[PDB]
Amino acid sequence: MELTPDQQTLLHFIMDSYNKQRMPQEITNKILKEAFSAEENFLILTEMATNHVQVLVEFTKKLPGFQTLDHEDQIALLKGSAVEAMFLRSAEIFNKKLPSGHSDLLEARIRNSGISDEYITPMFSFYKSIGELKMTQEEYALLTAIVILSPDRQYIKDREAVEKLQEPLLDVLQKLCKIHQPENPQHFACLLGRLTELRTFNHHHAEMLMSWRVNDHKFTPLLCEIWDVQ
């Protein structure tokens, strides 16, 4: 039931590695301070997303055993998880407690950022569904590691090697769910179920960005590799 010493070591190591990201306050303070045009928000998005890719590669490299995987499989895992990890991190920031009325303004500002209405409803439905799970910091860090170490990604040659790296993270998350929320025995299953909803953001990620209400969609060379954009 309780975490073993090795699992406690793994958990604190994943947490330390995950904490190298930008502070949620830095991100939300900028959006809440003043309203920006769709052009200004697109530029904020590309800068934020390019920095997230860099942080994600650094976190991924720290995952136990990731460096021992086949080099082509490493690329496939990174490319297959980058968009999902960016949305899961946006969902985490969206659901951080802010003073009265601030989350309403944050939501209204994102709704009016330049993104098309067809993508707003599935995006907020996911952020709100994530928020109802009342996830802790450790749960977001482990879920992000689980999303990266998905053995079912397209182009993965050695799935078993990936399964072996993912299995101890799933074991730790399941124990945490049983500890954090003993009143809700479905908590682990609902966290894993949300991972299925997260995968839907892959199919339309390129269309979401290209349909942003701006004249020119200029991306960075690193985003062009990770996203399916020119």
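One-based numbering along the sequence shown. Here, rigid core means the biggest group of C-alpha atoms that superpose within 1.5 Å across both forms.
Of the two segments 136-144 and 95-103, the one whose CA positions lie farther from the displayed form in 9 other deposited structures of this protein, once all are superposed on the rigid core, is 95-103. When the other structures are laid on the shown form by the core, the C-alphas of 159-167 and 40-48 differ in how far they drift in 9 other deposited structures of this protein; the larger average drift belongs to 40-48.
Averaged over CA atoms, B-factors in the entry run higher in 199-207 than in the other of 199-207 and 168-176.
Comparing 152-160 with 137-145, the higher mean C-alpha B-factor in the PDB entry belongs to 152-160. For the set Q54, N29, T60, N41, the maximum C-alpha B-factor listed in the entry falls on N29. Residues shown: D117, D73, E84, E92. Highest C-alpha temperature factor in the entry: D117. Among all modelled residues in this chain, the alpha-carbon of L106 has a temperature factor (C-alpha) in the middle third.
Among all modelled residues in this chain, the alpha-carbon of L11 has a temperature factor (C-alpha) in the middle third. In the PDB entry, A35 places in the highest third of its chain by CA B-factor. Ranked by Cα temperature factor within the chain, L78 sits in the lowest third according to the deposited record. Per the PDB record, residue ranking by Cα B-factor puts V229 in the highest third of the chain.
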